[PDB]
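**Q** Before I ask anything, here is the structure I am working with.
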Amino acid sequence: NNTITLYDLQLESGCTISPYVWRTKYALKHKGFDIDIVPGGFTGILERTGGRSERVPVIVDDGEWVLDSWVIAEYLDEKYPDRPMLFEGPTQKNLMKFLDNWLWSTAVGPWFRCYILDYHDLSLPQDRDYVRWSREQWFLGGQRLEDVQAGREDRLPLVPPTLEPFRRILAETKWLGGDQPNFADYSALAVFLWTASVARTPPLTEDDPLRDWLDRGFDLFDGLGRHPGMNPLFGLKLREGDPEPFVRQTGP
Amino acid sequence: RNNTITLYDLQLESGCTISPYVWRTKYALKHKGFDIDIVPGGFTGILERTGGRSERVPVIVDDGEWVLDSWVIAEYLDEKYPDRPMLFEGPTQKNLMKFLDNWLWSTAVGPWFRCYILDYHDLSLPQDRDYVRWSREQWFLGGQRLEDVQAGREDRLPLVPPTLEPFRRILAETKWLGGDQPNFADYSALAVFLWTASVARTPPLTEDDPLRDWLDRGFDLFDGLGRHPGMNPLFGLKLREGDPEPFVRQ
């Protein structure tokens, strides 16, 4: 007090990679708490916690253990209604999940393959083996990470245009939460926060309209998304035959 | 004014509402507990029917207040009647339902429009038929004639159910988009399927589609608002050997 312990999932740079952990960090700072960060990575999670969890994020509030990023957010609104609210109501929760699933299929799907080797190489030394064989086999390969990531220069141009439905929303609002951000923003942002933690070449063009919301989000809470290990999201260079990355239109 | 608001409808020959914008307005009004004074009429003569006030419907008249556009009407009701059940819970709902609505219009309305545009024409009021024909055959392209656009729908309709899975995924975990009770998010989404049911002379969904629970409860709301005599069934799509599996069965 005013502190809550958080079990992180970090890269070798100390930088968070897990989007679930990312939106939980933002949710905690939204509520105005200080975070006691427990470092670590993909391996040894059960041992790092008291045996209470095989997954992160996990928080400990005084001595109350809360598992699952979604549950954590609901817990914070329930126990601390006096601090800035994360959810507007039940309708937000349902429509959030629809947006989140779409971002995951549209952005995370393709980008995961484009950065799967960077993902591995940027991980903690103890993690790299576990990440290698399991990722190139479970999620899956069926073969190896150098072969899956190869050719990303050809895939990355194809993603920006597909994000237009999301651009369409942010064109007419400052935050998903309106004039101020909430968990809808943080959950959406987590997709791009993960991407920045592993993207050793930028997935978006320098003038993508998303940049306004993205930079503001990453700057929130004293630069929560500006950890020294983070990579630029912007700088994608396109070719004559590439698709236009976004709709260029003004503006009645 | 008792408890009454006037609504300029957009009806087919059966008296059934076709416009999804009008549909979600009917639900919004009933959600607020109002009685609806319906002004009938179809696609033609809207400027005549209104005071020269609108070329489009829905329009409502609340005592002397004329209100245009279904989204604005919903906001107007929440602003003027904060004592009656809320349509929006806040700004976040508004932003995220636009995202869902946009997706539903791209995924469901677009393909089903092409599949039912001739039925749409045939079911409209007699005085609207030629206008709907000429209008649609120049604007939304399709394009050819109504007959050509709708031709081959038996091969296209089986392709739509699989693409609705992202929407199923949400409804499999909640009673309503609004939670334990419906609100404008539900009514806006339902309006897509209400429109479809008004023009679909062959069913677009299988009898066992997991969407049916929400759809039937939705259509049944407010004394069967979605059960007007003219409505066609959404269910009964007959899949053939080659067709894709319509939904995830896990």
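**Q** Spot the failing condition for B:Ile46; the list is (1) in contact with a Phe, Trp or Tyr (Cβ under 8 Å, 6 or more places away or on another chain); (2) within 14 Å of chain A (Cβ to nearest Cβ), and only one is missed.
**A** (2)
**Q** Another one. Return a yes/no flag: does the stretch A:170-178 have any residue that is under 28 Å from A:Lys93 (Cβ atoms) and in a helix (DSSP H, G or I).
**A** Start the filter on the stretch A:170-178 by keeping residues that are under 28 Å from A:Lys93 (Cβ atoms), which leaves A:170-178.
Still in the running and in a helix (DSSP H, G or I): A:170.
Yes.
To keep it simple, each residue is scored yes or no on (1) surrounded by fewer than 16 Cβ atoms within 10 Å (Cβ to Cβ); (2) within 23 Å of B:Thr174 (Cβ to Cβ).
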position: B:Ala189; (1), (2): no, yes
position: B:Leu194; (1), (2): no, yes
position: B:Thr202; (1), (2): yes, no
position: B:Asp209; (1), (2): no, yes
position: B:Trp214; (1), (2): no, yes
position: B:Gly224; (1), (2): yes, yes
position: B:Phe235; (1), (2): no, yes
position: B:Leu239; (1), (2): yes, no
position: B:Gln250; (1), (2): yes, yes
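**Q** Got a sec? Which of B:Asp155, B:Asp128, B:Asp119, B:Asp101 is more than 14 Å from chain A (Cβ to nearest Cβ), closer than 21 Å to B:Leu234 by Cβ, of a type outside the set (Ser, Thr, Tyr) and surrounded by 18 or more Cβ atoms within 10 Å (Cβ to Cβ)?
**A** None of the others qualify; the one that does is B:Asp119.
**Q** In addition: Residues of the stretch A:158-169 being assigned to a helix (DSSP H, G or I), surrounded by 18 or more Cβ atoms within 10 Å (Cβ to Cβ) and either on the phi > 0 side of the Ramachandran plot or away from chain B (no Cβ under 14 Å) (or both), which ones?
**A** A:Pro160
**Q** Right, here's the next one. Which members of the stretch A:74-110 meet the condition of being hydrophobic (A, V, I, L, M, F, W, C) and closer than 28 Å to A:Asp61 by Cα? Lay out the reasoning, then the answer.
**A** The first filter runs over the stretch A:74-110 and keeps only residues hydrophobic (A, V, I, L, M, F, W, C), leaving A:76, A:85-87, A:95-96, A:98-99, A:102-104, A:107-108.
Within the stretch A:74-110, A:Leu76, A:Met85, A:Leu86, A:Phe87, A:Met96 qualify.
**Q** Enumerate the pairs (first residue in the stretch B:54-73 and farther than 18 Å from B:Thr17 by Cβ; second residue anywhere and part of a loop (DSSP other than H, G, I, E, B)) with beta-carbon separation below 7 Å, excluding pairs fewer than 6 apart on the same chain, so at least 6 apart or on different chains.
**A** As it stands, the answer is B:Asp63/B:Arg1; B:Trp66/B:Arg53, since those pairs meet every condition given.
**Q** Of the conditions (1) within 14 Å of chain B (Cβ to nearest Cβ); (2) on the phi > 0 side of the Ramachandran plot, A:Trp70 fails just one. Which one is it?
**A** (2)
**Q** If a residue must be within 14 Å of another protein chain (Cβ to nearest Cβ) and among the acidic types (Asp, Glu), how many such residues does the stretch B:180-211 contain?
**A** Result for the stretch B:180-211: 2.
**Q** List the number of the failed condition for A:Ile72; all other conditions in (1) out of contact with any helix residue (DSSP H, G or I) (no Cβ under 8 Å at 6 or more places or on another chain); (2) under 13 Å from A:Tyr7 (Cβ atoms) hold.
**A** Status for A:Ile72: all satisfied but (1).
**Q** Is there any pair linking a residue in the stretch A:80-96 that is within 7 Å of chain B (Cβ to nearest Cβ) and farther than 17 Å from A:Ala188 by Cβ to one that is polar (S, T, N, Q) and part of a loop (DSSP other than H, G, I, E, B), with Cβ under 8 Å and at least six apart or on different chains, and which?
**A** A:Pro90/B:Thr174
**Q** Also, quick follow-up: Would you check if B:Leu29 is buried (at least 17 other Cβ atoms within 10 Å of the Cβ) and under 11 Å from B:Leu125 (Cα atoms)?
**A** Criteria not met by B:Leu29.
**Q** For the stretch B:140-152, how many residues meet the condition of being more than 19 Å from B:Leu10 (Cβ to Cβ) and either of a type in the set (S, T, N, Q) or outside any helix (DSSP H, G or I) (or both)?
**A** 8
FYI, it's all coordinate maths here, none of it is from the lab. Because the Cβ atoms are built from the backbone with ideal geometry, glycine has one as well, and the counts that use them run over all protein chains shown.
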